[PDB]
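Protein chains in written order, with PDB author numbering: chain S, 45 to 226; chain P, 45 to 227; chain X, 45 to 227; chain R, 45 to 226; chain B, 45 to 229; chain Y, 45 to 227; chain U, 45 to 226; chain Z, 45 to 229; chain V, 45 to 227; chain L, 45 to 227. Each remark here refers to the structure printed beneath this line.
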């Protein structure tokens, strides 16, 4: 068992005429959009790979951050938040993602404070994304994940790139084994 | 980055009328016999999968162990050893695997001490088995691996199962990313 | 609530022309092969009985050991290992059980070090073997068990007895109640 | 070997036109009325199950308590006591259970002090209730049990429920094994 | 996240010619008898409401108590107990609820000691009663609850009121959010 | 009263086409197979003799060990374990002796760790083997013995010698007297 | 190896018209009069049995004592003494047992000081009484015993019981084994 | 529970033309020769009575002593000893009672050292003499007694009184209860 | 007077259709099977030679070990033990050598713990093997030796080599003289 | 001058109908069987090569280990030992290699303790195997070597592979020079 820390890109946000309501579950092995039908998005490639090696992972810390490709002219906001429960629905409406125990609206081109997950040190049996997408009930999903990490942006007049979002973490492994998934 | 520890099966040894000279490289991502042509054997499935997620792995510890399916009647020995260099040839002759800085001949059905790798804490950029099999020079291979883990058994009159060998380890990851391998 | 400790037999290993890939889940109440269709094997009779009395069990320690009925003539190996996760498949191939975070190949007639489960002190709601066999998803099974305890031996030319495997443990109960299991 | 502690129900007392003279032996594995012919009553289900797992049990502590389902109108008393010897007869007569080294008459609907067993730290080889009912001489039974726990109530004009009695304990196991009883 | 403490009524017990075998699961959000078909009973209205606001609840303490509306003339007993496991069946027979690790038979009109849950400080993701009634396996239900709280009384010749039972607790919340529940099959 | 310590042979194990399920009670005076009908086996001759002299014996320590006459060719396992209770049945099935609080499967020709009895310092009124075989209920037998010491080996194709098992102990006597046993 | 201590009867003395000159060797395993022809007398049954279990015995202490069944009317003396050498003859004549490095004449019905063996902590390979009676030379016998313990009483007019003599000891064993004697 | 200490007579020894081989078990409640058929002898009346009151007795100490009614003219010896095990036979032959871990031959009219039981502090469930005589196996009897206390004297030409033997003890009770004994087959 | 330490071979064990019950006395000067008629076996050649030089030898330590020539196929056990007394008979039956204060059944091809003699620092007048074989009573033999070192293996279907046993020791001499032995 | 440590194979043991009595001298430069006529066996290739570079070598530590290729069925023992003197003869008879100051009989398929050379820190002028085979008297050979490392196994019914033996060591060099050996 060994410890690890890295800063890595999660997703490349894109403004679009439709509203964007997005959620990224924090499994031991991420790499969504697993299908099928496809679900969730974002993928920290390093983590799934390194964690496909062990057997039990504790994350000491994790954070999500925003970075700006945009010119000052653009108008728009960007909400980020962190549900800790699966039984609840994904909120509909950015007006409603605006309310959370932890939330931010950094947008669109500003420094801005980094969201940080509330502490939760408990062992989490690692699984793969296909495994995780295959799961049915939320009661199942709560076995493997601290909770979905939700991000949302309102519609804009025309599609355009705007900038990456960037996870950072410290995580600690135990128990080495390399076998085929059930 | 997160730490991990597990006990896992590596291979299922089989006695055979030919001599058995076997080597298992210890990459960040194992799962041999990668081809082609196929090379090496053994596969800790959990490790390649968990480690295909990150980007840089340090193994704090690793051990190899023997376990017995055999009845007392069987005769035979089983040598295990750990070369730390690729420039050297695979020894030919079990009589010659008998000599090593670290070695054992537990065989064939006894408790027996577990081989353990000498300490080596340094960062190792993770790669896949197809990647690793594709490598040419040994000078390349030393970038990614601590060193091949060699095991050997002498010939017997008739083929038969005899028992699994079992790796254990503590390993520590950093840097998360999930991308397609270069060719 | 009371504490307890005992050394007890788990299974009587038998060499056979087919390969043997075996797994024994460590429930609060064991006594497999529960059916039906039948699954798993081994049975510490004392534990299921004593633990059918309480309601919540913590195991401070547990170990698995090998003992030899065989004559020296027999050839064969015996791998033992301990997966801590249900989502993963049972490895196929003794060559592949040879790799594990914790593993051994003591075989076939030697003292040999005892496998020991990595520490895991957390409360585990007790259930019965029929209950446990009835469970569907692995995500369910992880509620009640630390993890399956896998053992494997390679094929041999003719069937024969070879020796018992022997669990030992210290375990600690709380909460007394004696009721009929739910269906 | 592990330690344990729980609070659990033992029996549900019922007033009846006949006198009630009841005894509950404290084995390592309880779950009476074992037969046959049936003997004793009460059953802490958790304990027999948890203790069917080990091989040698020491109870650091144990207590018996009374709880009231009854309305104030009801009249009646309830004696509780703890013989430590099997060679002696079950007393006949509640008037005679009234005398003991340790005794109480809490009844029928009052707080009331909890009976507590005098200390006795010595190893006790666990057995099952069918095993225990099968035993003949008292000299045999003293091998496995600290002593019978007696409870008694006088007759009333009409049958009715009145309330549970509730054991509590701290107990400590050693030696793990799971085999078929002789 | 904030802490809270209250004393509140749970149910109003009623003697009846049938035997009464009752169980009240201790969810983060109670308010049974959720259906359908209806299951469980009792409802601490304050708790479900206050806890429908947060996201993760730890109960530091909880107790169940008996209070008497009855005249002295009435005869009957009342057992109270606390299973910590769902895999086990509801005991049948008050004679059998009489045996428990923790139990009492206060009945019917006496002071009587209060039952108290054994300590269990661990985080419990809050859910609603319809959610909870929708759950299938016991293995699911153990995710959300410490364990069912069982109460039982023997039959009597004629139906009548007898008195309330009364929960008390200290509980501690974290994580604020207010969203629509997911639809469990 | 005097103290004593010795290493001594207990039994000479023999592979056989039938399964071998064996138990050796640890009385103050051993020397089984007492009859009749005959029961139990093994006999530390020195101990019964020295202990037929006193009146009350405490054993501070005791261990059981395996030693190998066999050639490497033989296949087979050998389980050893230690029940502390008489009320329980002798397990049937070596697969089931494999599970115990304390157990080992050293077999068949390996160093292997020695089984050791869990500590139990309490006075034990000495009796003879005929006395002990005469006893009826288990509740009687628990007066005189810490608990039966069970050993088991699986069947093999043909009968053959394989090696002695070897008890060792430290024991401490009190109270000297030499009288005829009661019937 | 374990330690032990007990108080135990050795012999039941009997007055007789012949003179009584008696000796009791202190082997690791006593239980004389071993034959044949029979030799020596007295037997601490507990010791031979407990010591037939081990392999090497050291006696830290040992004492011999007198106890009185007799009425005051009886006349007679009783000498007790402890030779440490086998090469010497058994003294003939109670007048001659009267002289010793350690001796007493407690007789016949008095409290009286207990004889005690001079310290001798050295390992003594245990043997049985038949073994010991079989030995020829004294040089052989000195391998196994500290030395014979002699007791003697003068003749009286008529035979009668008079009282037991009573050994006490602390002894310490090592090395456990149970095999047939050569 | 209370402590106690007394000096009391056990038996009145009598010389006789037959050999005398006698044993007195040390139960919590003595008062032999219980029958039937009658067994053992001696009786400390005070102890059975005081101990029929409690429930669990530990004896801290106990001793046996000899006292002389005889004139100096009498010839004879008197052996006293203390077996701690029931599995063993009563020795036959005073010559054989002469050998013991603890023994004495005070006889017949002398001061003489008092025999004393080796220490053994462990709880002993009290029973009555009829109870104890009813017991079958020695393995049963070892539950209740430290061990039989044996005394023996050789034959003499004519029967005569010679003197009492006298127990002394310190003993400590716990647990008070007074109930009818169970009927052992 | 000088001190010394060496590791040396004692005997070369051979499986055989008859049972093997063997004992090796530990004299100051070994080199059995002295005759005649021949008795005992094994011979540490170095020790008799070096010790034929002095006059009084104390052994601070001594150990006996097992080493495996056999293939895994062979079945059989091997008991080793150490009687400290000559008055006792050689046990008959490997089942009976299985019981000892110190014992092991390592067999047949396993690491296995080394038997070690319990401490005994006392001066031992050196003699030769012919001298020692000439001795009659056991009471004589206890003058010169700590005690016989017994080893035993059960019968097998066909004769074959299986491996050496290997003594190790630290010993300390005093008093130098070189004279002809008495008859 | 630099330090070094490695685990390496020495030889591949083979059961054979003849008895096997083998010795491997521990020179600064090994790689036997040097001739002619050929003598000794085993070869740690890495060591001779690395040590052909310097001029004076001290070995801080060295160990020999056994590893099992055999099935449990095989019967046989395997003795390992370490003479420190050349003046003495190679023992004949595995029964006689059984006695040594340091010895083991792990065989044939068991964990088993590793033999270890007694400490001996003194400078040893390096030579080559042809050089060493050319030497005549033992008095010459003691200049360059700590002492021969002997291994032996008893005969078996049919030839077969059984397993490697495996040296491990820490060694420390001084003085660099690369010249042609003297004849």
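Ideal placement from N, C-alpha and C gives every residue a C-beta, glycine not left out.
Residue i versus the options, residue with shortest Cα-Cα distance
i	options	result
residue 117/P	56/V, 219/V, 153/V	153/V
residue 58/Z	220/Z, 212/Z, 198/Z	198/Z
residue 181/Z	76/Z, 102/Z, 48/Z, 229/Z	229/Z
residue 67/L	134/P, 139/P, 68/P	139/P
residue 203/Y	227/Y, 119/Y, 175/Y	119/Y
residue 55/B	48/B, 47/B, 89/B	89/B
residue 217/L	156/L, 82/L, 72/L	72/L
residue 186/P	115/P, 121/P, 132/P	132/P
residue 194/B	227/B, 135/B, 74/B	135/B
residue 80/P	173/P, 220/P, 225/P, 226/P	173/P
Where the beta strand (DSSP E) through residue i begins and ends
i	result
residue 185/U	Run containing residue 185/U: none in the beta strand (DSSP E); it sits in the alpha helix (DSSP H), 182–185.
residue 219/S	204–219
residue 196/L	193–197
Buried or exposed by the 16-neighbour rule on C-beta atoms within 10 Å, applied to residue i
i	result
residue 113/L	buried
residue 222/L	exposed
residue 97/Z	exposed
residue 149/Y	buried
residue 169/X	buried
residue 163/S	exposed
residue 50/B	exposed
residue 111/Z	exposed
residue 145/U	exposed
residue 64/Y	buried
residue 227/B	exposed
Run of the alpha helix (DSSP H) containing residue i, from where it starts to where it stops
i	result
residue 95/B	89–95
Cβ distance (whole Å) where residue i is taken to contact residue j below 8 Å
i	j	result
residue 123/U	residue 142/U	6 Å
residue 212/V	residue 69/V	Not confirmed; about 18 Å, so no contact.
Entirely within the segment 103–183 of chain Y and at least 3 residues each: give me those beta strand (DSSP E) ranges in chain order. 123–125, 147–149
Please list the segments of the beta strand (DSSP E) lying wholly inside the segment 50–85 of chain V, counting only runs of 3 or more residues, in order along the chain. 64–68
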